Amino acid sequence: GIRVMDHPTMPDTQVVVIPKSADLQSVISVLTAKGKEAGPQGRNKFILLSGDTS
Amino acid sequence: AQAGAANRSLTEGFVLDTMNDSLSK
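If you read the sequences in order, they're chains A and B. No gaps in the numbering here: position 39 of the first sequence is 39 in the working numbering, and each next residue is one more. No gaps in the numbering here: position 10 of the second sequence is 64 in the working numbering, and each next residue is one more.
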């Protein structure tokens, strides 16, 4: 379903998978919240994938 | 992200900037 994993090459970026029909906006909202709560050394970015990649 | 321009967007998926709370398409 929804997955979250570190970016292979970008320590400051994570990868998020959002399956079809899922509320992307709600997923983003969470990411923006937690993205700032902690945060890496650099700027916190996420890559959003459309569809279940499992 | 596609190289060859300043506007290095993705060819697939989106980039979420959680520092400026803005989604780049």
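All residues carry an ideal CB built from backbone N, CA and C; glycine is no exception.
- Annotated as distal: A:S54 and A:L24, with beta-carbon spacing of 9 Å or more.
- Ranked by Cα distance from B:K79, the options A:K34, A:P40, A:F46 are led by A:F46.
- The residue among A:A22, A:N44, A:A38 with its C-alpha nearest the C-alpha of A:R3 is A:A22.
- Between A:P19 and A:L48, the alpha-carbon positions lie close to 10 Å from each other.
- The beta-carbon of A:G1 is placed no less than 9 Å from the nearest beta-carbon of chain B.
- One finds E66, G67, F68 in chain B with Cβ atoms closer than 9 Å to the Cβ of A:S50, taken in chain order.
- Look at A:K36 here: in three-state DSSP terms it is helix.
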